[PDB]
Amino acid sequence: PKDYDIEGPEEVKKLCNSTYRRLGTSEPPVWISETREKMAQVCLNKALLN
Amino acid sequence: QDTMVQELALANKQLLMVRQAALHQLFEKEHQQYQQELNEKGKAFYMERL
Amino acid sequence: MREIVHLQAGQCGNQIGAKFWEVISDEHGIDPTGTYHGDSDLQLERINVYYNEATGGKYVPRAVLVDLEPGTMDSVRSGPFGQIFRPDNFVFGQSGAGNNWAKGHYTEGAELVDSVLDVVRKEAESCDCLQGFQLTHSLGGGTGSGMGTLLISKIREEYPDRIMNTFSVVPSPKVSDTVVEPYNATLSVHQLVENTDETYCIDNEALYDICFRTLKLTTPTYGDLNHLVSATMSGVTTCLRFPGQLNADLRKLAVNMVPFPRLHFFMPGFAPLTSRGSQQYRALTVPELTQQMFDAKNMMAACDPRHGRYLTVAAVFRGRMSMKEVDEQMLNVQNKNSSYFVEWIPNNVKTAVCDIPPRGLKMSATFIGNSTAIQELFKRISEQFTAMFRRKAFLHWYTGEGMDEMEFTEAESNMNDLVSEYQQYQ
Amino acid sequence: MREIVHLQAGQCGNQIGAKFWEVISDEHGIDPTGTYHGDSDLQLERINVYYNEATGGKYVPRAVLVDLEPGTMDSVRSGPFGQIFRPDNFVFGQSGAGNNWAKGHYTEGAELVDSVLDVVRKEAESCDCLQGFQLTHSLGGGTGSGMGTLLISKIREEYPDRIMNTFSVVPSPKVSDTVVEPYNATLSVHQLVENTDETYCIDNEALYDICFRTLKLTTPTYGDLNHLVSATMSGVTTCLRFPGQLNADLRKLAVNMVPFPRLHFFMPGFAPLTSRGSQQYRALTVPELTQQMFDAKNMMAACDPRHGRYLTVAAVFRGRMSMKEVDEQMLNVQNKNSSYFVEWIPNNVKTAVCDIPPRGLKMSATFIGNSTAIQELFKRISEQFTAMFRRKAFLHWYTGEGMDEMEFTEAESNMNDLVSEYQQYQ
Amino acid sequence: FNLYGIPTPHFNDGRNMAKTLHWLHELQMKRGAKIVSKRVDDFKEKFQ
Amino acid sequence: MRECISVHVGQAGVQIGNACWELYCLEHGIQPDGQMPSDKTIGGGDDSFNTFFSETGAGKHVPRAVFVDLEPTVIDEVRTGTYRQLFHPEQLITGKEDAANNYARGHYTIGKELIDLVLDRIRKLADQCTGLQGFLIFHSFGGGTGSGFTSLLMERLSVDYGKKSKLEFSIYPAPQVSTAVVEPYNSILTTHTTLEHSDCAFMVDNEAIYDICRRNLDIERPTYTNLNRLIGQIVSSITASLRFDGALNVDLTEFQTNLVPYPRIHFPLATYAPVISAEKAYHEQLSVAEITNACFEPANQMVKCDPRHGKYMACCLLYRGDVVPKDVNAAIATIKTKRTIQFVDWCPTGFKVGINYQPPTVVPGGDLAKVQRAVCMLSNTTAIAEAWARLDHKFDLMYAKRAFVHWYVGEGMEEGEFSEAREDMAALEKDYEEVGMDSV
Amino acid sequence: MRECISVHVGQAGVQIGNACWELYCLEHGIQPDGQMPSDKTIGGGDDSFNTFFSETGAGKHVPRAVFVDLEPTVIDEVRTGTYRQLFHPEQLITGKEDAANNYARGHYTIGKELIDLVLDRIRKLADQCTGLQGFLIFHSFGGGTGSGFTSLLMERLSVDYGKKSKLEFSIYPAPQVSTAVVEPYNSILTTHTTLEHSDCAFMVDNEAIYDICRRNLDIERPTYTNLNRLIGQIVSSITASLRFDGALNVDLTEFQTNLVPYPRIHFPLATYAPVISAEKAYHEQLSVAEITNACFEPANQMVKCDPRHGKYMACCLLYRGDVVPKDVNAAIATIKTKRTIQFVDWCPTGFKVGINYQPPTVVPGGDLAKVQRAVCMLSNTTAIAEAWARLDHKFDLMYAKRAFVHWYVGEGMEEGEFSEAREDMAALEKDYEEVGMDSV
Ligand SMILES: Nc1nc2c(ncn2[C@@H]2O[C@H](COP(=O)(O)OP(=O)(O)OP(=O)(O)O)[C@@H](O)[C@H]2O)c(=O)[nH]1
Ligand SMILES: Nc1nc2c(ncn2[C@@H]2O[C@H](COP(=O)(O)OP(=O)(O)OP(=O)(O)O)[C@@H](O)[C@H]2O)c(=O)[nH]1
Ligand SMILES: Nc1nc2c(ncn2[C@@H]2O[C@H](COP(=O)(O)OP(=O)(O)O)[C@@H](O)[C@H]2O)c(=O)[nH]1
Ligand SMILES: Nc1nc2c(ncn2[C@@H]2O[C@H](COP(=O)(O)OP(=O)(O)O)[C@@H](O)[C@H]2O)c(=O)[nH]1
Ligand SMILES: [Mg+2]
Ligand SMILES: [Mg+2]
């Protein structure tokens, strides 16, 4: 699964370009520090004869 | 106020012990005339080893 | 704020530097035009370290584009992210480097250091607080070893308190694509012993083997080869850019590493390399991360840590991790493997933790390490030089340019002094 | 006061021990969340015996669950009543024991001893006056027989004045559920007789013949004969925790029943046994009830009472009942079958009466016996041992991880020592 | 694809035994109360 | 927890994996991609997968297997087949040139070139696993990597690991058919280095599986796909107690301690009783009292002998589904009374039972009807010596005049192992007849 | 007004403070914004927030803290996080460059250019108070700031607030785990300068709290914000009498008089007590006795050092919640009978009790449960020597090679300091020896 290919059917083969935009595909959905996610948790959330 | 969460609890105890005693009379008095009414139609309750 | 300045010389440093801002513009969220298109406010806050500001939200990269032939300039601007580069930062001569240290440092070098220093002085005065400079080049070339080494000398004298980075592509042992590599690299390291605070020696086939056995593709390109190099120099300035729970900058990454002024030549390394068929088959975690981090088949310069032993190491970390396993799996490489560390330094690892992984990954780490194993990167380049300088091989191309033959004698006079201080702890 | 601590060893002890905890959290009134929801205050009259008060009105039941795998506890911790327990008592190993002594009592047994005896200890002096220890295991499989028998040796050393109750599951006569049982049976009983005060020799097949004949259930599973043992097991100790006009703790049953320290071999029983279709066809009164208390088909050991003269008998009763019907009726039993008792004891039978029946009942009772026919249980095991020990059939896994051959001979010599000490008392 | 072989109703947790160890004479008293004739009531207050 | 990895070496070993792993995929809702079926994907709900599967965090369940074989043609059709997305692409390793039915090539010549890859791969399975309970080595006895490689493969596993259990459910050379002529040579040699190391086998042939397919099932013209499926049904039943909690659990450690009488007798059966077509079980009511009788019946079992004289001496029965312990017990107490299924008198226990709460599963595209209950039986018998010395007698005909030996000694093999096999082989047949009738 | 200005210096101090201040904004209902959810409680009491939160015109309950660092990266979170409108704009101060794990920058360069501003803000805060019981400090005996700027402050403060409890709370270098190779130096350096400028130093180590958060709260992989919660519960149980009330009440001036024995041995190791996840707690008895016994255990101790290798010289058991004076007394009597716990001879007594009536507060999202009784025993054990010696061994292991000094002399610190401190710490170690020797 190559973003760019060097053996593909294209005409100009740029060797300076990489074949992969990223090192991996699985970036964390949201980007939040621990000092935020954690400290940002404070938010979150009888008788018969009275 | 901290006495009052303790005040209402003991007041619930007074009502509790005075309605159990009164309901005890009603249940025994009902059961006897339940037996009496059935005894006129030729039926009765089963007491174990009666 | 916390601005650092990036430099690069020659076509080797240009393809490094062009790919180095392929990945940071991807990281901060800069399009190939110049405008912001990210999804989080975290990657716009400390963007001052690499990207400046211009009217219209145009975040402009912060470099000085140095080369001696203009063909690489067309290679940079016609690239995918070459539009964002500021055009008068393209400083270029009209005569090539000659693949030569001599005319790259003495005659054609000296005609353009004034035009490079002027735009370096121009840029460095627009910031508030500057940490230091950062340069990528090749020791085997003519521009990076010739002019880039002169620029290291010039900006060190003008700014002595500022820290210095160089990312030198040291010549390769087995394959050689330049005959004058033992000449062009033994004089540039003569100035690297004193004019630089941090050096990251990088071999070329130490990128070829990792891109073959780990990234697992039989046909690599320079960009994939430069991708690994761009990862760690972005990984070194991680907490300098992004927040975290244990933050270390470039200077804090210097103090904890070198115990001596001259023993400052390092080994880079990037831990989470898999290949993309097995990204979904392998569970990525810290014990598997630090095992491949200290494994020397994943070393970014062609030296074997088995031959020597590490002096100190560092490993800054990315992503949302814990602290018990960046200690339990980090004492384990010391305690269970105790003969491969020097005994006169009790602890040996800097740990730094960030919250933000690079774009693409959840949890990453980069590795830098001082070692005695760098001695034989200099032994062989001595043996390549001693066997070749003795019979006066190519000196007429060097002594005819404006430096005497005796300047070559001092080249191995302190390269062997680097060794004697490397060999003393072996 | 008179509290006893429970111990469950192996998988077999982990269901019949667990099924006791639904039975007795039925009887004391404890709901499966852990709190109290009952009707009578006599239920929380002596809750200190089997449970310890934790925090805010819940009664966590005190029990040390020991096993070599967590998966048998996966059916216990995630049972209906798995979250009444405390998770700290869930002590377990990592790998398998596999019915071996030298793997379940020597190699992998001894590793988990320190982690079981500390939580047995630290739970023992948390109370004021310890009455005894209450095991629950089998003799067939060495995962629980191996650990449970060792746990006897290390408890009896530092608790010599406490009563030992073991709920052993002896092998069935006809067919086995494990081929290596006669090794596991003699190696259990060899020091189970010398270190315990009460063992109950229940087999599975007599529990089956109960469920086929005097209960008329065609397919009751393992969750049904467990309730037959567990509800009987509560009535053994019903005078510890429920008031009665003649109380009898576990210990005055111990002093009364066994005459000689070689005889800790008891047989239980339960008095209201009949089918759903045979309920109105029967009279629930003790002249019509003690018959089946002494009947052959309500014996849990598959031993013939005609073959076996009862040595000492304990009959503990529940509910509001007369005491002349306890005593005059029991000799009325003794008159017709005087030959099938012993006559050197003037009163073979011990009586005890409680005042609280279980739920759904108006009057109930349960049985504890000690008969001549428990010998035939032990000769059959010796017959299945010597035929298997003559050619050293499965001996090479016992010798394989650290057990001597002579311990088999010492156990077999002690095995027939029990047979010879028992026939002379006849 | 059908249920093949004999279905034997079983209850692995074991509520079948708890039903038959409940003595179905107070199951009726949990679900009510018996009504017998008067002359088994009056007879039995004399000779039992 | 309670995990155990598998190793599929040889063509027979890897093609059982091409049919057994279908069964596990249909058990725990694992689609061929390797995930929960897109939908019906809760946050997390079991640990039952763990015996033969492992998370990657995201939700893909990589199996715990090692595919090694010197022929890559048998490896490519799972690399390009339906299950290209299930297996990790690097654990599944091949060679260049096949061992070609030589024990010399599988242990001396080309076996050596791939020992480093498998043992490096097996140890990362062991490092990833937290508590390992056994080894599932799937290996035939005929070829050069089915027999020659597994002799060197488990030799290294028995010195680097030690006390871990070994399991086999594969194919033994048939007594009357064969697909190779050097099968009496390869099977006579791979037994030499797999006595004190292996603790299980499959002594019966594969034409008994032809007999069960043709005559129990209503199928004509059966094929290796159907044979591999029926063997995979038994591996799921022996490991059914490691994923699914039953009435009494029987995990992998006491398959060891119960089914081997002596350390050189480690040969249990493999008999799945209800091999019944959909067309017969609509017609027939299957009870657990008869499924054990049918398992012992010479019809339904694949015991290649006449079970009139099948002298069973260490039995193990495993049940799945709608079973109760008494109709296990009533059938198993009836069978000891019942005479002509002759048992050992000096082992009065003989049997052990295992009951699971999961009903037996079925794979689409098969002939088996989903039965409410099934039983698997592995009994160690001494009737194997009839089928054991005969394979030795199969070796003696070529033993005298040294046929096919020049391919061994010509390419890395000493002639002494051809002899040293024989006396250890005669000593093993001496061991089987020694336990016959000394107690009368 | 029993006020207490808190100074949190160093990346640790700030992180630790953020957490600590969440507990305070919860004990007293101070919405993470500044306003108190209109209510009257045991926290809304004008005499229950004053101890820390300063009142305003529109209930802007400001903190009396002063978070300090040199690298904006950390305090920018406390400035763009949940609690952004609380910490008054300039109560949180930052610089531009860090200290690069080096005491020199923290004391003779990057520090100097800031102390002025910081001291000025403390003068302002002090002015607002009416009884600054003490200036609680929180640093890091390892980084350049918590070792350097912290030192500079303690010194300058001494000649500005003078005799005023300067209680400390630092992350003393851990035994095996470590984040730097330039800590051996910084640590042995800071102590030498702060020794005669600090009153008490409730020390604590990262490794210890880690195990504590794995043996007890089974939070396997723990982050810093997890260990920073219990490193902040100690600060509440230490400063609880100056806020909520109770029977016996201890003050920020009592510790110095009841713990520190001689004017040099001021390093009381710390340990909390009911550390149980809200899942293993309920099912257990947490009574005064158990909690008290739990603290004097040779493991719950929050510093990787065993008391069984030393003598106790003063223990301060600070309880909290439904605690009964009687039970405490009996529990302390038992810990005196035990002979595995030994007290020095020159301390016949050695127990300082204190019973606040406010139960432990539950942070919204944490491993700790919602208990009712708690203890926090501070102990001046002579087992802090074994620690100081290992730090000393490290300093000498490298000072021999004059290593990692190039960037310590070239920042101001004359090479002399290294020896000055080294020799002084050697005196501390010899000092501890005599202090232990039982009287003759
Ligand atoms: N049940 C079943 N048996 C098979 C299957 N494929 C092969 N076999 C058996 O495996 C044997 C093949 O001979 P082997 O010695 O195992 O061949 P090999 O393992 O590939 O070794 P080499 O050919 O030398 O590489 C045959 O005799 C078959 O009986 C299959 O798909 N299902
Ligand atoms: N216990 C604990 N220590 C921490 C925490 N965060 C940082 N530290 C300490 O901080 C030290 C590393 O230095 P830094 O984190 O950079 O803090 P610093 O004092 O400002 O150091 P400099 O940035 O170089 O000035 C380590 O020795 C840790 O002990 C934390 O959350 N908990
Ligand atoms: N790492 C890396 N090295 C490169 C790349 N392109 C060229 N080089 C190296 O640059 C060296 C030649 O240097 P040269 O072109 O003379 O450098 P210059 O004179 O400074 O322009 C060769 O040995 C190559 O290995 C690249 O994209 N990445
Ligand atoms: N009474 C009773 N016995 C059981 C039950 N489940 C299993 N068993 C016994 O467990 C024995 C098998 O041995 P095993 O379970 O391996 O014992 P372990 O090795 O100690 O765990 C058989 O003899 C059964 O009698 C049950 O629910 N009730
Ligand atoms: Mg083949
Ligand atoms: Mg800092």
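Definitions and limits used
- Residues numbered from 1 in each chain as written, not as in the entry; some residues may be left out.
- Chains lettered and ligands numbered in written order.
- Part of a larger assembly, values for the part shown.
- Heavy atoms only, no water.
- Helix = DSSP H or I, 4+ residues; strand = E, 2+ residues; numbered from the N terminus.
- Rg over C-alpha atoms; globule rule 2.2 N^0.38 Å.
- Areas by Shrake-Rupley, 256 points an atom, 1.4 Å probe, with all protein chains shown as cover.
- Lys, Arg positive; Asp, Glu negative; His and termini not counted.
- Charge placed at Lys NZ, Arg CZ, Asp CG, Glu CD.
- Buried < 20%, exposed > 50% of the residue type's maximum accessible area, 1.4 Å probe, protein only.
- Contact = heavy atoms within 4.5 Å.
- Core = buried A, V, L, I, M, F, W, Y, C linked by side-chain atoms within 4.5 Å.
- Near = heavy atom within 4 Å.
- Polar contact = N/O pair within 3.5 Å; in protein donor to acceptor, adjacent residues only side chain to side chain.
- Nonpolar A, V, L, I, M, F, W, Y, C, P; charged D, E, K, R; others polar.
- Buried area = accessible area lost by both parts, 1.4 Å probe.
- Salt bridge = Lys/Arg side-chain N within 4 Å of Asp/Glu carboxyl O.
- Pairing = 2+ DSSP bridges.
- Axes fitted to C-alpha atoms, helices over the stretch in contact; angles between N-to-C directions.
- Parallel < 35°, antiparallel > 145°, perpendicular 65-115°, else oblique.
- Left-handed = near helix turned anticlockwise from the far one by under 90°.
- Donors = N, O, S within 2.8 Å, 3.2 Å for Na, K, Ca; no water.

The deposited coordinates for this entry were obtained by cryo-EM, with a reported resolution of 3.52 Å.

When you go through chain C residue by residue, the secondary structure sums to 16 helices and 10 strands. Taken over C-alpha atoms, the radius of gyration comes to 21 Å for chain C, in line with the 22 Å a tight globule of 426 residues would show. Carbon together with sulfur atoms contributes 49% to the accessible area of chain C, which is approximately 14600 Å² in total. Put simply, chain C has 37 plus and 51 minus side-chain charges, and the middle of one group is 6 Å from the middle of the other.

Here we come to the overall build of chain F. Summing up its helical and strand segments, chain F has 15 helices and 13 strands in all. Expected size for 440 residues packed as a compact globule is a radius of gyration near 22 Å; at 21 Å, chain F falls within 12% of this value. Structurally, chain F occupies a C-alpha span of about 60 × 60 × 40 Å along its principal axes. Relative to its 440 residues, chain F shows a buried fraction of 61%.

Moving on, we come to the environment of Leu418(D). Residue and element names in this part refer to chain D. As for its placement among the helices and strands, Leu418 is situated in helix α15 (residues 406-423). In this structure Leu418 comes out as buried when scored by relative accessible area, which is 6%. Ignoring anything within four residues of it in the chain, the contact list for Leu418 reads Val193, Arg262 and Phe265.

Counting residues in hydrophobic clusters, the biggest one holds 182 residues, and the most contacted among them are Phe317(C), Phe378(C) and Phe255(G). At 8 residues, the largest contribution of residues to this core is made by helix α1 (residues 10-27) of chain G. Ignoring sequence-local partners within four residues, the contact set of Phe317(C) consists of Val286(C), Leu289(C), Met293(C), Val326(C), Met330(C), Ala352(C), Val353(C), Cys354(C), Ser364(C) and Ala365(C). Membership of the second largest hydrophobic core comes to 179 residues, among which are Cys239(D), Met300(D), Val78(F) and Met302(F).

For the rest of this paragraph, the subject is the site of ligand 4. Residues and elements named next belong to chain D. Taken together, 16 residues are adjacent to ligand 4, and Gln11, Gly144, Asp177, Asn204 and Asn226 come closest. Here an oxygen atom of ligand 4 and a side-chain polar atom of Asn204 are 2.4 Å apart. About the coverage of ligand 4: the protein hides 95% of its 590 Å² of free accessible area. Counting only elements with at least two residues in the shell around ligand 4, the list comes to α1 (10-27), α5 (142-156) and α8 (222-236). Looking at the shell around ligand 4 residue by residue, the classes come out as 3 nonpolar, 11 polar and 2 charged.

On to the interface of chain C and chain G. Size of an interface, as often reported, equals the accessible area lost when the parts are brought together. Taken together, the 44 residues of chain C in the interface contact 39 residues of chain G. Per-residue buried area on chain C facing chain G is highest for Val255(C), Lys324(C) and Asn347(C); these three make up 17% of the total on that side. Summed over the shared surface of chain C and chain G, the result is 3 salt bridges. The partner of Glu325(C) in a salt bridge is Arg221(G), and the shortest N-O contact between them spans 2.7 Å. Our enumeration of links across chain C and chain G arrives at 18 residue pairs in polar contact. Residue assignment for the side of chain C that touches chain G shows that the elements contributing at least two residues are β4 (130-138), α11 (252-255), α13 (325-335) and β9 (349-353) of chain C. Among the residues forming the side of chain C that touches chain G, the class breakdown is 22 nonpolar, 10 polar and 12 charged.

Right, let's talk about the sheet that holds strand β8 (residues 269-271) of chain G for a bit. All names here are of chain G. If you walk across this open sheet you meet the 4 strands as β8-β11-β9-β10, and the pairing is mixed. Here the strands that pair on one side only, and so sit at the sheet edges, are β8 and β10 (351-356). When the angles between neighbouring strand axes are averaged without regard to direction, this sheet yields 15 degrees. As defined by bridge partners, strand β9 (residues 315-321) adjoins β10 across 6 bridges and the pair is classed as parallel. Along β10, the bridge assignment pairs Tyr319 with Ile355. Of the strands in this sheet, β9 and β11 (373-379) are in contact with helix α8 (residues 224-238), which crosses β9 at around 90 degrees.

Now for the packing of α1(G) against α8(G). All names here are of chain G. Packing of α1 against α8 leaves a shortest axis separation of 8 Å and a crossing angle of 55 degrees. One finds that α1 runs oblique with respect to α8. α8 is crossed by α1, and the crossing has right-handed handedness. Together, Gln15, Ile16, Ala19, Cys20, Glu22, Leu23, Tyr24 and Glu27 of α1 and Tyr224, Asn228, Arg229, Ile231, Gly232, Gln233, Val235 and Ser236 of α8 make up the contact between the two elements. Taken together, the residues that form the contact of α1 with α8 break down as 8 nonpolar, 5 polar and 3 charged.

Every one of the 21 residues lining ligand 2 counts as a neighbour, but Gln11(G), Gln15(G), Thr145(G), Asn206(G) and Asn228(G) are closest to it. More than one chain lines the surroundings of ligand 2; the residues nearby belong to chains C and G. At 2.9 Å, a backbone N or O of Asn101(G) approaches an oxygen atom of ligand 2. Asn228(G) is positioned such that a nitrogen or oxygen atom in its side chain is 2.9 Å from an oxygen atom of ligand 2. Protein coverage of the free-state accessible area of ligand 2, which is 620 Å², stands at 96%. Listed by contribution, the elements that provide at least two residues to the shell around ligand 2 are α1, α5 (144-161) and α8 of chain G. Among the elements that make up the shell around ligand 2, the one with the highest residue count is α1(G) (4 residues). Its residues assigned to classes, the shell around ligand 2 shows 7 nonpolar, 12 polar and 2 charged.

Residue and element names in this part refer to chain F. Within the open sheet, the 4 strands sit side by side as β8-β12-β10-β11. Their pairing is mixed. This sheet does not close on itself; its edge strands, each paired only once, are β8 (271-272) and β11 (353-356). Pairing of strand β10 (residues 317-321) with β11 involves 4 bridges; the strand directions are parallel. Looking at the pairing, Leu318 lines up with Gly354 of β11.

What follows deals with the pairing of strand β1 (residues 3-9) of chain D. All names here are of chain D. Taken across its 7 residues, β1 has 7 buried, putting it largely inside the fold. Judged by which residues are buried, β1 turns out to be covered on both faces: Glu3, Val5, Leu7 and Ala9 on one side and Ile4, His6 and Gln8 on the other are all buried. Both β1 and strand β6 (residues 130-136) contribute to a ladder of 6 bridges, which runs parallel. Residue pairing for β6: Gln8 is matched across the bridge by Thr136. Note that β1 and strand β4 (residues 63-67) share 4 bridges and pair parallel. Bridging from a neighbouring strand, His6 pairs with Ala63 of β4.

Moving on, we come to the coordination of the magnesium ion (ligand 6). Around the magnesium ion (ligand 6), the protein supplies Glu71(G) (OE) and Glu71(G) (OE) as donor atoms, at distances of 1.7 to 2.5 Å. Looking at the secondary structure, you find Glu71(G) in the loop between β5 (65-68) and α3 (103-108).

Residue and element names in this part refer to chain G. Between helix α6 (residues 183-194) and helix α12 (residues 385-399), whose axes approach to 9 Å, the crossing angle comes to 120 degrees. Here α6 is positioned oblique relative to α12, judged by the angle of their axes. The two elements α6 and α12 cross, and the hand of that crossing is left-handed. Residue-level inspection shows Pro184, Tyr185, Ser187, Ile188, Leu189 and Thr191 of α6 in contact with α12, the latter providing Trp388, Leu391, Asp392, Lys394, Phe395, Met398 and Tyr399.

Okay, the interface of chain G and chain A next. The interface is formed by 14 residues belonging to chain G together with 9 residues belonging to chain A. Counting each side, the surface lost to burial between chain G and chain A is near 1100 Å², with a carbon and sulfur contribution of 57%. Along the contact surface separating chain G from chain A lie 2 salt bridges. Its salt-bridge partner being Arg36(A), residue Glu77(G) comes within 3.1 Å of it at the nearest N-O pair. One can count 4 residue pairs in polar contact joining chain G with chain A. Elements represented by at least two residues in the side of chain G that touches chain A include exactly α1 and α8 of chain G. A per-element tally of the side of chain G that touches chain A places α1(G) first, with 4 residues. Of the residues that constitute the side of chain G that touches chain A, the class distribution is 5 nonpolar, 6 polar and 3 charged.

All names here are of chain F. Taken as a whole and judged by the stated rule, the model has 66 salt bridges over all chains. Residue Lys304 is joined to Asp211 by a salt bridge in which the shortest nitrogen-to-oxygen separation is 3.7 Å. Residue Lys304 is found in the loop between α11 (288-296) and β9 (312-314), and its partner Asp211 is found in helix α7 (residues 207-216); the two are separated by 93 residues along the sequence. Under the relative-accessibility criterion, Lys304 is labelled partly exposed at 32%. A relative accessible area of 31% means that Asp211 is categorised as partly exposed.

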